[PDB]
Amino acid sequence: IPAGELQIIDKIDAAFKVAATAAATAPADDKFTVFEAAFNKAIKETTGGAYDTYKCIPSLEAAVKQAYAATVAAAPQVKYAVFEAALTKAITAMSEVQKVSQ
């Protein structure tokens, strides 16, 4: 994890939970869109405007891409479920590293 990103890992994890919660009650077809919108807003708010989107935090964008790649083979009905499970582990791994690094 790039030293420059360490300071915001805790915020990423918090924002992620917020976004996951937001998409939890959204209809199946709206989960990805709601998740992203919620994730971006939580990140923007929690980082004080340092980032406007998760796509702009290097390590996170990398994890999101990998989480999406995990959905390619998954059936439509569960692509989001597969995505969330994958991303949850990735972010939790970042959080663990951040906690022992600082």
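The first residue of the shown sequence is 1; numbering continues from there.
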Mean C-alpha B factor from the entry: is it higher for 74 to 82 or for 15 to 23?
-> 74 to 82
Going by the entry, of stretches 6 to 14 and 87 to 95 the one with greater average Cα B-factor is 6 to 14
Residue 68 - Cα temperature factor, lowest/middle/highest third of chain = highest
Please place residue 52 in the lowest, middle or highest third of its chain by C-alpha B factor as given in the entry.
-> highest
